[PDB]
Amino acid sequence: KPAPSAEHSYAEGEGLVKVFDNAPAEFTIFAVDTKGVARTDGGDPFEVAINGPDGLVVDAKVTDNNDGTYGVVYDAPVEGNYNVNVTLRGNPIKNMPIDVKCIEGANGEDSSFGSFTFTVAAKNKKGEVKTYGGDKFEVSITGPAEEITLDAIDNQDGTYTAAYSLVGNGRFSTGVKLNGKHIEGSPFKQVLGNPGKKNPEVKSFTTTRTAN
């Protein structure tokens, strides 16, 4: 007997906040009654009109859960603004319509690692931190690098920086020394991709760079 109310019904979900062009946008419609109490079951007529960039008309998929909740899923394939309007028998429900921003999404699986850094803090012979550079700083990356770039940098404030890029699959080990001695924790080992996928023709070799 409790009938749905446009004024009280409302929608919530990420699909109404921020959307990406490469993944489905989802949100939920919560049917509420004239009185102001959540609806107990389904069958209420809610429609969803979504208009995207350059007159795109998006077809939202609405699923009646039979709880008084309606799950909405829709694709937004073109970066831009998407006006979403959930109506109940033609009347916009609470906080509708709503403009929803869609941005180019990152396809996670297509990203890879490559660039890395680390900083090193030098201490003097008494155990006090240094306040200037001038030490022989050596960084030597051993591994099956297809491609490798490495810079050993004296920052001139008692700290040193290694900045490097790696392309390849395998086990890498980076020896870091100050005036001929390994720092605590060195060598720092890192696995890039999967060792088993290493090109057979590419063996492990050392690349050494030094400051001062």
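Don't overthink the numbering: it's just position in the shown sequence, from 1.
- Which of the two stretches, 197-205 or 184-192, shows the higher mean Cα temperature factor in the record? Looking at the record's C-alpha B-factors, the answer is 197-205.
- For the stretches 151-159 and 32-40, which has the higher mean C-alpha B-factor as given in the deposited record? Going by the record's values, the stretch with the higher mean is 32-40.
- Task: Report the option among 89, 126, 94, 136 whose CA atom has the maximum B-factor in the deposited record.
- Result: Answer for 89, 126, 94, 136: 94, with the highest C-alpha B-factor.
- Message: Quick check on the deposited entry: does the C-alpha B-factor of residue 84 sit in the lowest, middle or highest third of its chain?
- Response: Middle third - that is where residue 84 ends up once the chain's C-alpha B-factors are sorted.
- Query: In terms of the chain's CA B-factor thirds, is residue 168 lowest, middle or highest?
  - Reply: Within its chain, residue 168 is a middle-third residue by C-alpha B-factor, going by the deposited values.
- Query: Once the chain's modelled residues are ordered by C-alpha B factor and cut into thirds, is residue 103 in the lowest, middle or highest one?
  - Reply: Middle third - that is where residue 103 ends up once the chain's C-alpha B-factors are sorted.
- Place residue 178 in the lowest, middle or highest third of its chain's C-alpha B-factors, as listed in the PDB entry. Lowest third, going by the recorded CA B-factors of the chain.
- Query: Going by the entry, which third of its chain does the Cα temperature factor of residue 121 land in?
  - Reply: Ranked within chain, residue 121 CA B lands in the lowest tercile.
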